[PDB]
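Just so you know, the numbering used here puts the end of the sequence shown at 179, numbered straight through with nothing missing.
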Amino acid sequence: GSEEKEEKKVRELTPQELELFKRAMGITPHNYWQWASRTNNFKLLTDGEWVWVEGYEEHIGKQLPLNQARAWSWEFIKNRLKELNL
Numbered sequence: 094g095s096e097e098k099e100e101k102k103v104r105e106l107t108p109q110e111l112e113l114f115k116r117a118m119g120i121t122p123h124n125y126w127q128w129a130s131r132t133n134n135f136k137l138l139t140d141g142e143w144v145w146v147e148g149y150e151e152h153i154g155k156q157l158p159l160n161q162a163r164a165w166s167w168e169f170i171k172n173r174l175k176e177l178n179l
């Protein structure tokens, strides 16, 4: 027990929660496997903040294109999700 001196853990990666990500991006069965690759099995960590792909937090803050991009904001996620909402 160290309720302030033990864990700094982030939000976990369940098959239920992760669906919201690919949902917001509008990912299609055509580029599904393509996104599944870049997203490392749609495994992205976050905590009420910008989201990143597990294992690519080492690739954050670098000059990478959208193809090499491995992080997005909650604002961007909602940006596309709001476009999906009609």
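From the three backbone atoms N, C-alpha and C, an ideal C-beta is built for every residue, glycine too.
Report back the beta-carbon spacing between residue i and residue j to the nearest angstrom; my notes put them in contact at under 8 Å.
{"i": "residue 118", "j": "residue 128", "result": "7 Å"}
{"i": "residue 163", "j": "residue 116", "result": "Not confirmed; about 19 Å, so no contact."}
{"i": "residue 143", "j": "residue 166", "result": "5 Å"}
{"i": "residue 41", "j": "residue 154", "result": "The shown model of the chain, from 94 to 179, leaves out residue 41, and the question about it has no answer."}
Provide the residue span of the alpha helix (DSSP H) that contains residue i, from first to last.
{"i": "residue 126", "result": "125–131"}
{"i": "residue 145", "result": "Unbroken run through residue 145 is the beta strand (DSSP E), 144–146; no alpha helix (DSSP H)."}
{"i": "residue 174", "result": "167–177"}
Buried or exposed for residue i, please, with buried defined as at least 16 other CB atoms from any protein chain shown within 10 angstroms of its CB.
{"i": "residue 121", "result": "exposed"}
{"i": "residue 170", "result": "buried"}
Per the contact definition of three or more C-beta pairs closer than 8 Å, is the segment 134–141 in contact with the segment 105–114? yes
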